[PDB]
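1. fold the following.
(chains A and B)
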There are 2 protein chains.
Amino acid sequence: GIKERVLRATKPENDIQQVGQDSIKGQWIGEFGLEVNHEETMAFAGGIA
Amino acid sequence: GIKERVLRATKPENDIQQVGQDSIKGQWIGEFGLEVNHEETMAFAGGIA
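-> Residues are numbered from 1 along each chain as shown, chains lettered A, B, ... in the order given. Please find the structure below.
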């Protein structure tokens, strides 16, 4: 009952520093979300055990 | 007795203008320093001679 919905997969991106700057910049970016079908067949617990 | 220590050699760097600007920009860049070994064998003079 759990699936992952992906709009943009995770990928690297490089050379995103300001123009003329003597630096190196990079990042990872993605866009995606979660779907849960039937919540009555699942449970969550807190406290020891 | 004179030596030059180079960390980054001098080179031209290109494409450093603002994004979308109808112009071309580039610069000379480098990084280094100076080393002197035996200063007793050297002299400097000030005045007319």
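2. when you work out contacts or count neighbours from here on, use the C-alpha atoms and nothing else.
-> Noted.
3. and residue A:7, what helix or strand is that in?
-> Here residue A:7, judged by DSSP states H and E, is contained in strand A:2-14.
4. list the neighbouring strands of that strand plus their orientation.
-> Looking at strand A:2-14 with DSSP bridges, its partner strands are strand A:26-36 (antiparallel).
5. circling back: what does the strand holding residue A:7 rub up against?
-> With Cα atoms under 8 Å, 6 or more residues apart in numbering or on different chains as the test, strand A:2-14 has contacts from A:25-37.
6. could you do stretch A:24-42 as well?
-> A:1-17.
7. distance to residue A:44 and neighbour count added to the contacts of strand A:2-14, as TSV?
-> Converted to TSV, the contacts of strand A:2-14 look like this (distance: Cα to Cα, whole Å; neighbours: other Cα atoms under 10 Å in any protein chain shown):
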residue	distance to residue A:44	neighbour count
A:25	40	10
A:26	38	10
A:27	34	10
A:28	31	9
A:29	30	10
A:30	28	11
A:31	26	10
A:32	23	11
A:33	20	9
A:34	17	9
A:35	17	10
A:36	14	10
A:37	16	9
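8. ok, these vs residue B:43, which is closest?
-> Checking the contacts of strand A:2-14 against residue B:43 with Cα to Cα, the nearest one is residue A:25 at 47.2 Å.
9. list phi and psi for that closest one.
-> Backbone torsions for residue A:25, taken as degrees, to the nearest 10, come to phi -130, psi 140.
10. do you know how far it is from residue A:19?
-> Separation of residue A:25 from residue A:19 (Cα to Cα, to the nearest Å) stands at 11 Å.
11. just to revisit the earlier point, with distance to residue B:41 added, can I get the contacts of strand A:2-14 in a markdown table?
-> What follows is these, written out as a markdown table (distance: Cα to Cα, whole Å):
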| residue | distance to residue B:41 |
| --- | --- |
| A:25 | 48 |
| A:26 | 51 |
| A:27 | 54 |
| A:28 | 58 |
| A:29 | 61 |
| A:30 | 64 |
| A:31 | 68 |
| A:32 | 71 |
| A:33 | 73 |
| A:34 | 76 |
| A:35 | 80 |
| A:36 | 82 |
| A:37 | 86 |
